[PDB]
Protein chains: 2
Amino acid sequence: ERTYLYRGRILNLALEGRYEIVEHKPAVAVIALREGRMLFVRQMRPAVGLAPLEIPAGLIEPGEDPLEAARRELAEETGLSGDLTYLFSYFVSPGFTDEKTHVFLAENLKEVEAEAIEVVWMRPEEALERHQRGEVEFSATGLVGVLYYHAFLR
Amino acid sequence: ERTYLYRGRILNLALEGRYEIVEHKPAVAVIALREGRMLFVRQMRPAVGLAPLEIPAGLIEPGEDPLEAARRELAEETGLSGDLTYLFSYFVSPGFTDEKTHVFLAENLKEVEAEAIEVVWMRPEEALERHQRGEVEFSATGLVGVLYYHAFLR
Ligand SMILES: Nc1ncnc2c1ncn2[C@@H]1O[C@H](COP(=O)(O)OP(=O)(O)OC[C@H]2O[C@H](O)[C@H](O)[C@@H]2O)[C@@H](O)[C@H]1O
Ligand SMILES: Nc1ncnc2c1ncn2[C@@H]1O[C@H](COP(=O)(O)OP(=O)(O)OC[C@H]2O[C@H](O)[C@H](O)[C@@H]2O)[C@@H](O)[C@H]1O
Ligand SMILES: [Mn+2]
Ligand SMILES: [Mn+2]
């Protein structure tokens with residue numbers, strides 16, 4: 001039995017007995033490789049005070065399913081379209097939030113549309129090296145993209 | 001300039017202009033392989049109403065650094081100790097929270113201590129197959145462990 005403390009724009013804060021629970025819209029993220037570069041994006045994220053390396057990601061809006069949201073945010077954030085394949089999903093931090101991320105692969109990318117969101121094409125090997133040297137932070141989606149590449153796309 | 005709406009046990013809810021921000025303690029997670037099985041754990045997570053496949057994880061408590069927290073939660077959740085190596089970190093969902101997870105590898109595991117938290121040794125290949133068939137959900141830490149294994153531990 002959830003009692004609500006806050007109903008907001010992209011989250012609700014609830015108590016469920018002793019548990020603090022943040023309800024959040026589901027998200028999507030897209031892994032895309034071109035000429036050995038992965039498609040990352042960076043934007044200022046006020047929650048962390050910096051711009052981590054992410055892959056294109058967004059929230060699922062009313063009416064959409066994950067595939068449609070993935071197509072939309074790839075086009076909105078990078079101007080690209082591709083052939084999308086569902087990979088897997090994960091709960092970002094299920095000890096306090098229900099946010100679930102659905103991750104897709106994009107292939108055969110084409111420009112459909114010509115630095116709020118900065119597009120950062122970067123070899124995943126270099127992203128991993130920059131992170132190990134302390135030069136860039138990852139979001140979960142960025143790290144999942146780099147690990148998925150090393151596991152399956154070489 | 002953050003104004004606080006809620007100060008709680010494992011999170012704070014703040015507004016920073018138009019942004020809803022959840023402050024949260026940093027976390028650790030430990031990837032451990034033994035005889036081709038990865039060390040997963042499962043527990044009921046009221047935020048999601050189910051028990052996703054995770055790897056041993058916990059919050060960093062006052063006084064600790066990530067390595068020490070990782071040692072602690074491995075022992076508390078599974079009764080094991082090992083030789084720990086830092087791998088990488090990630091922000092779980094930097095569009096709304098500052099929670100950061102530090103991920104370690106554990107090797108040479110030994111039992112130091114003899115189903116609140118269920119220990120689930122499982123080959124990562126099988127965890128990935130069960131997830132693809134809809135039989136289990138992943139946390140970010142579980143998915144990162146499975147992807148890291150496939151990338152680097154075969
Ligand atoms: N929603 C909550 N509200 C209030 N207290 C809680 C909650 N969840 C746990 N506790 C209390 O907080 C103590 C912390 O339990 P520890 O093992 O260090 O952490 P973890 O495994 O939960 O979270 C580790 C990560 O894994 C997941 O991705 C999480 O989202 C984190 O990112 C618990 O004993 C409870 O007393
Ligand atoms: N903290 C916030 N509070 C209020 N509104 C916000 C906030 N952040 C963004 N908006 C608004 O919400 C709209 C959503 O922007 P979209 O691209 O679909 O999502 P995403 O990239 O932010 O989040 C995608 C995932 O990546 C990260 O891991 C996140 O944590 C998510 O898990 C924005 O245009 C803003 O209008
Ligand atoms: Mn976005
Ligand atoms: Mn735990």
# chains A, B, ... in the order shown; residues from 1 in each chain; ligands from 1

$ residues_around --residues "segment 43-49 of chain B" --least-positions-apart "3" --cutoff "6 Å" --atoms "only C-alpha atoms" --output "number ranges by chain"
A: 21, 95-98; B: 117

$ residues_near_ligand --ligand "ligand 2" --cutoff "6 Å" --atoms "only C-alpha atoms and all ligand atoms" --output "MDAnalysis selection string"
(chainID A and resid 9:10 27 57:59) or (chainID B and resid 18:21 93:96)

$ residues_around --residues "segment 140-144 of chain B" --least-positions-apart "3" --cutoff "6 Å" --atoms "only C-alpha atoms" --output "JSON, numbers by chain"
{"A": [90, 91, 92], "B": [53, 54, 55, 147, 148]}

$ closest_residue --among "A:14, A:74, A:30, A:5" --to "ligand 1" --atoms "only C-alpha atoms and all ligand atoms"
A:14

$ closest_residue --among "A:122, A:67, A:84, A:151" --to "residue 35 of chain A" --atoms "only C-alpha atoms"
A:122

$ closest_residue --among "A:77, A:111, A:129, A:16" --to "ligand 3" --atoms "only C-alpha atoms and all ligand atoms"
A:77

$ atom_distance --atom1 "atom CA of residue 109 of chain A" --atom2 "atom CA of residue 136 of chain A"
25.9 Å

$ select_by_dssp --residues "chain B" --states "strand (DSSP E)" --output "PyMOL selection string"
chain B and resi 2-7+12-16+19-23+27-34+37-42+57-59+80-91+100-111+118-122

$ atom_distance --atom1 "atom CA of residue 71 of chain B" --atom2 "atom 31 (C, counted along the ligand's line) of ligand 1"
15.5 Å

$ atom_distance --atom1 "atom CA of residue 137 of chain A" --atom2 "atom CA of residue 28 of chain A"
19.7 Å

$ select_by_dssp --residues "segment 1-152 of chain B" --states "alpha helix (DSSP H)" --output "PyMOL selection string"
chain B and resi 66-78+124-132+140-148

$ closest_residue --among "B:80, B:31, B:87, B:41" --to "chain A" --atoms "only C-alpha atoms"
B:87

$ decode --residues "segment 83-104 of chain B" --atoms "N, CA and C atoms" --output "PDB file, in the first residue's frame"
ATOM      1  N   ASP B  83      39.560 -12.124  -3.429  1.00  0.00           N
ATOM      2  CA  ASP B  83      40.528 -11.074  -3.839  1.00  0.00           C
ATOM      3  C   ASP B  83      39.775 -10.168  -4.826  1.00  0.00           C
ATOM      4  N   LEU B  84      39.592  -8.923  -4.466  1.00  0.00           N
ATOM      5  CA  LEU B  84      38.801  -7.943  -5.214  1.00  0.00           C
ATOM      6  C   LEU B  84      39.657  -7.014  -6.070  1.00  0.00           C
ATOM      7  N   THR B  85      39.199  -6.823  -7.323  1.00  0.00           N
ATOM      8  CA  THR B  85      39.807  -5.870  -8.212  1.00  0.00           C
ATOM      9  C   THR B  85      38.769  -4.908  -8.749  1.00  0.00           C
ATOM     10  N   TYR B  86      39.036  -3.623  -8.642  1.00  0.00           N
ATOM     11  CA  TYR B  86      38.148  -2.620  -9.210  1.00  0.00           C
ATOM     12  C   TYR B  86      38.082  -2.726 -10.727  1.00  0.00           C
ATOM     13  N   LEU B  87      36.872  -2.685 -11.305  1.00  0.00           N
ATOM     14  CA  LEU B  87      36.676  -2.719 -12.743  1.00  0.00           C
ATOM     15  C   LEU B  87      36.302  -1.370 -13.317  1.00  0.00           C
ATOM     16  N   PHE B  88      35.187  -0.791 -12.882  1.00  0.00           N
ATOM     17  CA  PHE B  88      34.621   0.402 -13.524  1.00  0.00           C
ATOM     18  C   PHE B  88      33.434   0.847 -12.670  1.00  0.00           C
ATOM     19  N   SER B  89      32.929   2.033 -12.993  1.00  0.00           N
ATOM     20  CA  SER B  89      31.742   2.558 -12.299  1.00  0.00           C
ATOM     21  C   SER B  89      30.735   3.062 -13.303  1.00  0.00           C
ATOM     22  N   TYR B  90      29.487   3.248 -12.856  1.00  0.00           N
ATOM     23  CA  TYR B  90      28.502   3.846 -13.741  1.00  0.00           C
ATOM     24  C   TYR B  90      27.430   4.547 -12.882  1.00  0.00           C
ATOM     25  N   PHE B  91      26.867   5.587 -13.498  1.00  0.00           N
ATOM     26  CA  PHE B  91      25.662   6.206 -12.926  1.00  0.00           C
ATOM     27  C   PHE B  91      24.468   5.425 -13.333  1.00  0.00           C
ATOM     28  N   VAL B  92      23.611   4.974 -12.379  1.00  0.00           N
ATOM     29  CA  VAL B  92      22.524   4.076 -12.710  1.00  0.00           C
ATOM     30  C   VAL B  92      21.498   4.710 -13.638  1.00  0.00           C
ATOM     31  N   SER B  93      21.233   6.034 -13.473  1.00  0.00           N
ATOM     32  CA  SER B  93      20.177   6.696 -14.275  1.00  0.00           C
ATOM     33  C   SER B  93      20.353   8.174 -14.083  1.00  0.00           C
ATOM     34  N   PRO B  94      21.356   8.757 -14.734  1.00  0.00           N
ATOM     35  CA  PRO B  94      21.774  10.120 -14.392  1.00  0.00           C
ATOM     36  C   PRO B  94      20.803  11.196 -14.886  1.00  0.00           C
ATOM     37  N   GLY B  95      19.728  10.864 -15.563  1.00  0.00           N
ATOM     38  CA  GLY B  95      18.689  11.847 -15.830  1.00  0.00           C
ATOM     39  C   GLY B  95      17.863  12.180 -14.589  1.00  0.00           C
ATOM     40  N   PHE B  96      17.965  11.401 -13.483  1.00  0.00           N
ATOM     41  CA  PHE B  96      17.202  11.820 -12.308  1.00  0.00           C
ATOM     42  C   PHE B  96      17.886  11.475 -10.994  1.00  0.00           C
ATOM     43  N   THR B  97      18.847  10.604 -10.933  1.00  0.00           N
ATOM     44  CA  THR B  97      19.492  10.309  -9.677  1.00  0.00           C
ATOM     45  C   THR B  97      21.002  10.409  -9.799  1.00  0.00           C
ATOM     46  N   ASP B  98      21.671  10.690  -8.667  1.00  0.00           N
ATOM     47  CA  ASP B  98      23.125  10.674  -8.621  1.00  0.00           C
ATOM     48  C   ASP B  98      23.695   9.319  -8.186  1.00  0.00           C
ATOM     49  N   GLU B  99      22.862   8.285  -8.059  1.00  0.00           N
ATOM     50  CA  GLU B  99      23.432   7.022  -7.581  1.00  0.00           C
ATOM     51  C   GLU B  99      24.515   6.526  -8.533  1.00  0.00           C
ATOM     52  N   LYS B 100      25.676   6.204  -7.996  1.00  0.00           N
ATOM     53  CA  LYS B 100      26.809   5.716  -8.743  1.00  0.00           C
ATOM     54  C   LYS B 100      27.170   4.356  -8.192  1.00  0.00           C
ATOM     55  N   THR B 101      27.429   3.399  -9.068  1.00  0.00           N
ATOM     56  CA  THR B 101      27.775   2.032  -8.713  1.00  0.00           C
ATOM     57  C   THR B 101      29.215   1.749  -9.092  1.00  0.00           C
ATOM     58  N   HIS B 102      29.981   1.215  -8.127  1.00  0.00           N
ATOM     59  CA  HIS B 102      31.354   0.794  -8.380  1.00  0.00           C
ATOM     60  C   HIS B 102      31.413  -0.707  -8.445  1.00  0.00           C
ATOM     61  N   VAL B 103      31.924  -1.232  -9.532  1.00  0.00           N
ATOM     62  CA  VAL B 103      31.858  -2.667  -9.794  1.00  0.00           C
ATOM     63  C   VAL B 103      33.268  -3.258  -9.645  1.00  0.00           C
ATOM     64  N   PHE B 104      33.330  -4.396  -8.942  1.00  0.00           N
ATOM     65  CA  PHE B 104      34.527  -5.145  -8.664  1.00  0.00           C
ATOM     66  C   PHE B 104      34.445  -6.554  -9.215  1.00  0.00           C
TER      67      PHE B 104
END
